[PDB]
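Novice: My structure is stored as start27.txt, with compact mmCIF, N, CA and C atoms.
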# COMPACT_ATOMS: atom_id res chain seq x y z
N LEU A 1 13.57 -70.35 19.17
CA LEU A 1 13.95 -70.33 17.77
C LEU A 1 13.35 -69.13 17.04
N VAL A 2 12.25 -68.59 17.55
CA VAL A 2 11.68 -67.38 16.98
C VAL A 2 12.22 -66.19 17.75
N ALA A 3 12.37 -65.06 17.07
CA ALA A 3 13.07 -63.91 17.62
C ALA A 3 12.09 -62.88 18.15
N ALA A 4 12.50 -62.19 19.21
CA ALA A 4 11.76 -61.04 19.73
C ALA A 4 12.09 -59.84 18.86
N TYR A 5 11.11 -59.32 18.13
CA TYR A 5 11.46 -58.37 17.09
C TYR A 5 10.33 -57.40 16.77
N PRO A 6 10.54 -56.10 16.94
CA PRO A 6 9.53 -55.12 16.54
C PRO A 6 9.75 -54.58 15.14
N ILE A 7 8.66 -54.43 14.39
CA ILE A 7 8.69 -53.93 13.02
C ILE A 7 7.59 -52.89 12.88
N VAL A 8 7.97 -51.66 12.54
CA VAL A 8 7.02 -50.55 12.44
C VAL A 8 7.12 -49.92 11.07
N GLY A 9 6.26 -48.93 10.83
CA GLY A 9 6.22 -48.21 9.57
C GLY A 9 5.05 -47.25 9.60
N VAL A 10 5.21 -46.12 8.92
CA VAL A 10 4.26 -45.03 9.05
C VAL A 10 3.45 -44.91 7.76
N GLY A 11 2.32 -44.21 7.86
CA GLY A 11 1.46 -44.00 6.71
C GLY A 11 0.78 -42.65 6.72
N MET A 12 0.61 -42.04 5.55
CA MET A 12 0.13 -40.67 5.47
C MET A 12 -1.39 -40.62 5.37
N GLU A 13 -2.00 -39.78 6.20
CA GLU A 13 -3.44 -39.56 6.17
C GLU A 13 -3.80 -38.37 5.30
N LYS A 14 -3.28 -37.19 5.62
CA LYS A 14 -3.56 -35.98 4.87
C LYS A 14 -2.29 -35.15 4.75
N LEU A 15 -2.35 -34.12 3.91
CA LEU A 15 -1.24 -33.20 3.73
C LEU A 15 -1.78 -31.81 3.46
N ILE A 16 -1.32 -30.82 4.23
CA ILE A 16 -1.85 -29.47 4.15
C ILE A 16 -0.73 -28.52 3.78
N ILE A 17 -0.95 -27.72 2.75
CA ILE A 17 0.03 -26.74 2.30
C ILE A 17 -0.47 -25.35 2.66
N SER A 18 0.45 -24.40 2.70
CA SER A 18 0.11 -23.04 3.08
C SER A 18 1.09 -22.09 2.43
N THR A 19 0.56 -21.12 1.69
CA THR A 19 1.34 -20.29 0.79
C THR A 19 2.02 -19.16 1.54
N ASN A 20 2.69 -18.28 0.80
CA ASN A 20 3.36 -17.11 1.35
C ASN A 20 3.17 -15.95 0.38
N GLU A 21 2.33 -15.00 0.76
CA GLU A 21 2.14 -13.79 -0.02
C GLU A 21 2.20 -12.61 0.93
N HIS A 22 2.12 -11.41 0.37
CA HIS A 22 2.15 -10.19 1.17
C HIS A 22 1.24 -9.17 0.50
N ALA A 23 -0.03 -9.16 0.88
CA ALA A 23 -0.97 -8.24 0.28
C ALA A 23 -0.98 -6.91 1.02
N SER A 24 -1.29 -5.84 0.29
CA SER A 24 -1.32 -4.52 0.90
C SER A 24 -2.25 -3.62 0.11
N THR A 25 -3.09 -2.88 0.83
CA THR A 25 -4.02 -1.94 0.21
C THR A 25 -3.83 -0.56 0.83
N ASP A 26 -3.70 0.45 -0.02
CA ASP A 26 -3.49 1.83 0.41
C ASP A 26 -4.58 2.72 -0.16
N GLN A 27 -4.83 3.83 0.52
CA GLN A 27 -5.94 4.71 0.18
C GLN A 27 -5.58 6.12 0.63
N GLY A 28 -5.75 7.10 -0.26
CA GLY A 28 -5.34 8.45 0.02
C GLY A 28 -6.32 9.48 -0.50
N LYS A 29 -6.18 10.69 0.02
CA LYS A 29 -6.96 11.85 -0.40
C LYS A 29 -6.02 13.03 -0.57
N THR A 30 -6.51 14.08 -1.24
CA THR A 30 -5.70 15.27 -1.45
C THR A 30 -6.58 16.50 -1.67
N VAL A 31 -6.07 17.65 -1.24
CA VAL A 31 -6.74 18.95 -1.24
C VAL A 31 -5.71 20.00 -1.61
N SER A 32 -6.03 20.91 -2.54
CA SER A 32 -5.07 21.93 -2.92
C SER A 32 -5.76 23.22 -3.32
N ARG A 33 -4.99 24.31 -3.32
CA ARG A 33 -5.49 25.65 -3.60
C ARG A 33 -4.35 26.52 -4.11
N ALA A 34 -4.60 27.29 -5.17
CA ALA A 34 -3.57 28.16 -5.72
C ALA A 34 -4.19 29.46 -6.20
N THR A 35 -3.40 30.53 -6.18
CA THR A 35 -3.80 31.84 -6.67
C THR A 35 -2.82 32.31 -7.73
N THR A 36 -3.22 33.31 -8.51
CA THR A 36 -2.38 33.82 -9.60
C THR A 36 -2.70 35.28 -9.84
N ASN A 37 -1.68 36.13 -9.91
CA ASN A 37 -1.82 37.53 -10.28
C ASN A 37 -0.83 37.86 -11.38
N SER A 38 -1.26 38.62 -12.39
CA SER A 38 -0.37 38.90 -13.51
C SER A 38 -0.71 40.24 -14.15
N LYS A 39 0.21 40.70 -15.01
CA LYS A 39 0.12 42.02 -15.63
C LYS A 39 0.91 42.05 -16.93
N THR A 40 0.29 42.53 -18.01
CA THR A 40 0.92 42.66 -19.32
C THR A 40 0.84 44.10 -19.81
N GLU A 41 1.68 44.42 -20.80
CA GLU A 41 1.74 45.76 -21.36
C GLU A 41 2.31 45.69 -22.77
N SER A 42 1.57 46.20 -23.76
CA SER A 42 1.90 46.00 -25.16
C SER A 42 1.76 47.28 -25.96
N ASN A 43 2.43 47.31 -27.11
CA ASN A 43 2.50 48.46 -28.00
C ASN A 43 2.20 48.03 -29.43
N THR A 44 1.87 48.99 -30.28
CA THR A 44 1.50 48.70 -31.67
C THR A 44 1.78 49.93 -32.53
N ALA A 45 2.38 49.71 -33.70
CA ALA A 45 2.50 50.74 -34.72
C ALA A 45 2.12 50.15 -36.07
N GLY A 46 1.89 51.02 -37.05
CA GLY A 46 1.53 50.55 -38.38
C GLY A 46 1.31 51.69 -39.35
N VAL A 47 1.40 51.35 -40.64
CA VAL A 47 1.29 52.30 -41.74
C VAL A 47 0.52 51.65 -42.88
N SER A 48 -0.53 52.31 -43.37
CA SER A 48 -1.29 51.84 -44.52
C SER A 48 -1.35 52.94 -45.57
N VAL A 49 -1.60 52.55 -46.82
CA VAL A 49 -1.55 53.46 -47.95
C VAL A 49 -2.46 52.92 -49.05
N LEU B 1 -3.50 -57.38 44.30
CA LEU B 1 -4.13 -57.70 43.02
C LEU B 1 -4.35 -56.44 42.19
N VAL B 2 -4.90 -55.40 42.79
CA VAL B 2 -5.09 -54.13 42.09
C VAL B 2 -3.74 -53.45 41.93
N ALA B 3 -3.62 -52.64 40.89
CA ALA B 3 -2.34 -52.09 40.47
C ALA B 3 -2.24 -50.62 40.87
N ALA B 4 -1.02 -50.18 41.18
CA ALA B 4 -0.74 -48.77 41.41
C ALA B 4 -0.57 -48.08 40.06
N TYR B 5 -1.48 -47.17 39.73
CA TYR B 5 -1.52 -46.69 38.36
C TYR B 5 -2.13 -45.30 38.25
N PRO B 6 -1.39 -44.31 37.75
CA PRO B 6 -1.96 -42.98 37.55
C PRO B 6 -2.51 -42.78 36.14
N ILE B 7 -3.65 -42.09 36.07
CA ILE B 7 -4.35 -41.84 34.81
C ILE B 7 -4.73 -40.37 34.78
N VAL B 8 -4.28 -39.65 33.75
CA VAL B 8 -4.50 -38.22 33.64
C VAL B 8 -5.03 -37.88 32.26
N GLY B 9 -5.39 -36.61 32.09
CA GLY B 9 -5.91 -36.09 30.84
C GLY B 9 -6.21 -34.62 31.04
N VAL B 10 -6.20 -33.87 29.95
CA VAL B 10 -6.32 -32.42 30.05
C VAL B 10 -7.64 -31.99 29.41
N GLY B 11 -8.05 -30.77 29.71
CA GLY B 11 -9.31 -30.27 29.19
C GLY B 11 -9.30 -28.78 28.91
N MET B 12 -9.92 -28.36 27.81
CA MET B 12 -9.82 -26.98 27.37
C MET B 12 -10.86 -26.10 28.05
N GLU B 13 -10.40 -24.96 28.56
CA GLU B 13 -11.28 -23.96 29.15
C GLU B 13 -11.64 -22.86 28.15
N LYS B 14 -10.63 -22.22 27.57
CA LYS B 14 -10.83 -21.13 26.63
C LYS B 14 -9.73 -21.15 25.58
N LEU B 15 -9.92 -20.36 24.53
CA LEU B 15 -8.91 -20.20 23.49
C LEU B 15 -8.94 -18.77 22.98
N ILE B 16 -7.77 -18.14 22.89
CA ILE B 16 -7.68 -16.74 22.49
C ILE B 16 -6.82 -16.63 21.25
N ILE B 17 -7.31 -15.90 20.25
CA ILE B 17 -6.60 -15.68 19.00
C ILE B 17 -6.13 -14.23 18.94
N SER B 18 -5.09 -14.00 18.14
CA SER B 18 -4.53 -12.67 18.01
C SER B 18 -3.93 -12.53 16.62
N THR B 19 -4.37 -11.51 15.89
CA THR B 19 -4.11 -11.41 14.47
C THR B 19 -2.74 -10.78 14.21
N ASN B 20 -2.44 -10.53 12.94
CA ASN B 20 -1.20 -9.86 12.54
C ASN B 20 -1.51 -8.94 11.37
N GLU B 21 -1.51 -7.64 11.63
CA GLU B 21 -1.68 -6.63 10.60
C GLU B 21 -0.69 -5.52 10.87
N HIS B 22 -0.38 -4.74 9.85
CA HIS B 22 0.59 -3.66 9.99
C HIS B 22 -0.04 -2.38 9.46
N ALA B 23 -0.82 -1.72 10.30
CA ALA B 23 -1.52 -0.51 9.89
C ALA B 23 -0.56 0.67 9.87
N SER B 24 -0.91 1.69 9.09
CA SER B 24 -0.04 2.84 8.92
C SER B 24 -0.86 4.04 8.48
N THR B 25 -0.52 5.21 9.03
CA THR B 25 -1.12 6.49 8.65
C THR B 25 -0.02 7.50 8.37
N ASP B 26 -0.27 8.38 7.40
CA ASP B 26 0.67 9.41 6.99
C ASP B 26 -0.08 10.72 6.76
N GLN B 27 0.61 11.83 6.98
CA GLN B 27 0.01 13.15 6.88
C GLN B 27 1.06 14.13 6.39
N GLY B 28 0.73 14.93 5.38
CA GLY B 28 1.71 15.80 4.77
C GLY B 28 1.13 17.14 4.40
N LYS B 29 2.04 18.09 4.16
CA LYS B 29 1.71 19.45 3.76
C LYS B 29 2.68 19.89 2.68
N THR B 30 2.32 20.93 1.94
CA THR B 30 3.18 21.43 0.87
C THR B 30 2.90 22.89 0.58
N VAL B 31 3.96 23.61 0.20
CA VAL B 31 3.99 25.04 -0.06
C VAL B 31 4.84 25.27 -1.30
N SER B 32 4.39 26.11 -2.23
CA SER B 32 5.16 26.34 -3.45
C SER B 32 4.94 27.74 -4.00
N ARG B 33 5.86 28.17 -4.87
CA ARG B 33 5.87 29.51 -5.42
C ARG B 33 6.62 29.52 -6.75
N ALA B 34 6.08 30.22 -7.75
CA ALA B 34 6.73 30.27 -9.05
C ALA B 34 6.50 31.63 -9.70
N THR B 35 7.44 32.05 -10.53
CA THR B 35 7.37 33.30 -11.28
C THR B 35 7.55 33.04 -12.76
N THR B 36 7.08 33.97 -13.59
CA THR B 36 7.14 33.80 -15.03
C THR B 36 7.35 35.17 -15.67
N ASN B 37 8.28 35.25 -16.62
CA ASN B 37 8.52 36.46 -17.40
C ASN B 37 8.67 36.10 -18.86
N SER B 38 7.99 36.83 -19.75
CA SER B 38 8.01 36.46 -21.15
C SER B 38 7.87 37.69 -22.04
N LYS B 39 8.12 37.48 -23.34
CA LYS B 39 8.16 38.55 -24.33
C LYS B 39 7.86 38.00 -25.72
N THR B 40 6.89 38.60 -26.41
CA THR B 40 6.50 38.21 -27.76
C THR B 40 6.67 39.38 -28.72
N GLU B 41 6.72 39.05 -30.02
CA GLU B 41 6.91 40.05 -31.06
C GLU B 41 6.37 39.51 -32.38
N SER B 42 5.50 40.29 -33.04
CA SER B 42 4.78 39.79 -34.21
C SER B 42 4.70 40.85 -35.30
N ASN B 43 4.50 40.38 -36.53
CA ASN B 43 4.45 41.22 -37.73
C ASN B 43 3.22 40.85 -38.55
N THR B 44 2.78 41.77 -39.41
CA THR B 44 1.56 41.58 -40.18
C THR B 44 1.65 42.34 -41.50
N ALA B 45 1.24 41.68 -42.59
CA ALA B 45 1.03 42.36 -43.87
C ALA B 45 -0.39 42.05 -44.33
N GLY B 46 -0.80 42.69 -45.42
CA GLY B 46 -2.13 42.42 -45.96
C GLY B 46 -2.47 43.36 -47.11
N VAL B 47 -3.39 42.89 -47.96
CA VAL B 47 -3.81 43.59 -49.17
C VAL B 47 -5.31 43.36 -49.37
N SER B 48 -6.07 44.44 -49.57
CA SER B 48 -7.49 44.35 -49.88
C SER B 48 -7.81 45.17 -51.12
N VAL B 49 -8.95 44.87 -51.75
CA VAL B 49 -9.31 45.47 -53.03
C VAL B 49 -10.82 45.40 -53.19
What does the file become when written as structure tokens?
Specialist:
Amino acid sequence: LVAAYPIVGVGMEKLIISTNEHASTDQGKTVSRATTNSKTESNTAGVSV
Amino acid sequence: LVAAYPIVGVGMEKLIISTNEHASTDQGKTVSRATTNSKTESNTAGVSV
């Protein structure tokens, strides 16, 4: 009169989360050098009294 | 009376980890050249006493 019957069910112990990012670090240096050569030429006139 | 029965289990010897990074290197050079041409023109008056 009694039935053969299994009854189950689950239960939570812990829960772990884990994010999604993308970190990045960059680092640089620089070195430079320049030269310059130039030439000017000018004139002047005038009158006073 | 005794039962035919196998019993097993596993055991850890070593563990190896391996990371994930994306390294990068860059190297550059540069060359440049420029010219300049100009012209000015000025005037002057004045009075003294």
Novice: Using only C-alpha atoms, find which residues of chain B lie within 12 Å of chain A and jot them down as a list in words.
Specialist: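 Matching residues, ligands excluded from the count: residues 20, 21, 22, 23, 24, 25, 26, 27, 28, 29, 30, 31, 32, 33, 34, 35, 36, 37, 38, 39, 40, 41, 42, 43, 44, 45, 46, 47 and 48 of chain B.
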Novice: Report the distance between CA of residue 15 (chain B) and CA of residue 19 (chain A) in Å, rounded to one decimal place.
Specialist: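 If I compute the distance from CA of residue 15 (chain B) to CA of residue 19 (chain A), I get 24.9 Å.
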Novice: One decimal, in Å: what's the spacing between atom N of residue 16 (chain A) and CA of residue 16 (chain B)?
Specialist: 23.9 Å
Novice: Report, in Å to a single decimal, how far apart atom C of residue 49 (chain B) and atom N of residue 49 (chain A) are.
Specialist: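 Computed distance, atom N of residue 49 (chain A) to atom C of residue 49 (chain B), equals 13.3 Å.
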Novice: What would region 24-43 of chain A look like with N, CA, C and O atoms in place, written as a short mmCIF file (atom, residue, chain, number, x, y, z; two decimals), in the coordinates of the input?
Specialist:
data_model
loop_
_atom_site.label_atom_id
_atom_site.label_comp_id
_atom_site.auth_asym_id
_atom_site.auth_seq_id
_atom_site.Cartn_x
_atom_site.Cartn_y
_atom_site.Cartn_z
N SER A 24 -1.29 -5.84 0.29
CA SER A 24 -1.32 -4.52 0.90
C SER A 24 -2.25 -3.62 0.11
O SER A 24 -2.19 -3.60 -1.12
N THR A 25 -3.09 -2.88 0.83
CA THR A 25 -4.02 -1.94 0.21
C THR A 25 -3.83 -0.56 0.83
O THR A 25 -3.82 -0.42 2.06
N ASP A 26 -3.70 0.45 -0.02
CA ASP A 26 -3.49 1.83 0.41
C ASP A 26 -4.58 2.72 -0.16
O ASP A 26 -5.16 2.42 -1.21
N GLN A 27 -4.83 3.83 0.52
CA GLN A 27 -5.94 4.71 0.18
C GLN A 27 -5.58 6.12 0.63
O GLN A 27 -5.16 6.32 1.76
N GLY A 28 -5.75 7.10 -0.26
CA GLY A 28 -5.34 8.45 0.02
C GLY A 28 -6.32 9.48 -0.50
O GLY A 28 -7.16 9.19 -1.35
N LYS A 29 -6.18 10.69 0.02
CA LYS A 29 -6.96 11.85 -0.40
C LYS A 29 -6.02 13.03 -0.57
O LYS A 29 -4.88 13.00 -0.10
N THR A 30 -6.51 14.08 -1.24
CA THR A 30 -5.70 15.27 -1.45
C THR A 30 -6.58 16.50 -1.67
O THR A 30 -7.68 16.40 -2.23
N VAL A 31 -6.07 17.65 -1.24
CA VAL A 31 -6.74 18.95 -1.24
C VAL A 31 -5.71 20.00 -1.61
O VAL A 31 -4.61 20.00 -1.05
N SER A 32 -6.03 20.91 -2.54
CA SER A 32 -5.07 21.93 -2.92
C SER A 32 -5.76 23.22 -3.32
O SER A 32 -6.95 23.23 -3.66
N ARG A 33 -4.99 24.31 -3.32
CA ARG A 33 -5.49 25.65 -3.60
C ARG A 33 -4.35 26.52 -4.11
O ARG A 33 -3.25 26.49 -3.55
N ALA A 34 -4.60 27.29 -5.17
CA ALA A 34 -3.57 28.16 -5.72
C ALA A 34 -4.19 29.46 -6.20
O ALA A 34 -5.36 29.50 -6.58
N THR A 35 -3.40 30.53 -6.18
CA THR A 35 -3.80 31.84 -6.67
C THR A 35 -2.82 32.31 -7.73
O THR A 35 -1.71 31.81 -7.84
N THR A 36 -3.22 33.31 -8.51
CA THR A 36 -2.38 33.82 -9.60
C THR A 36 -2.70 35.28 -9.84
O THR A 36 -3.88 35.63 -9.96
N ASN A 37 -1.68 36.13 -9.91
CA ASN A 37 -1.82 37.53 -10.28
C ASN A 37 -0.83 37.86 -11.38
O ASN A 37 0.34 37.46 -11.31
N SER A 38 -1.26 38.62 -12.39
CA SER A 38 -0.37 38.90 -13.51
C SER A 38 -0.71 40.24 -14.15
O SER A 38 -1.77 40.81 -13.90
N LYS A 39 0.21 40.70 -15.01
CA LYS A 39 0.12 42.02 -15.63
C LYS A 39 0.91 42.05 -16.93
O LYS A 39 2.08 41.65 -16.95
N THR A 40 0.29 42.53 -18.01
CA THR A 40 0.92 42.66 -19.32
C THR A 40 0.84 44.10 -19.81
O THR A 40 0.01 44.89 -19.36
N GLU A 41 1.68 44.42 -20.80
CA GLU A 41 1.74 45.76 -21.36
C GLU A 41 2.31 45.69 -22.77
O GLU A 41 3.42 45.19 -22.95
N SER A 42 1.57 46.20 -23.76
CA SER A 42 1.90 46.00 -25.16
C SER A 42 1.76 47.28 -25.96
O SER A 42 1.04 48.21 -25.57
N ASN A 43 2.43 47.31 -27.11
CA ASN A 43 2.50 48.46 -28.00
C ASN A 43 2.20 48.03 -29.43
O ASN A 43 2.26 46.84 -29.75
#
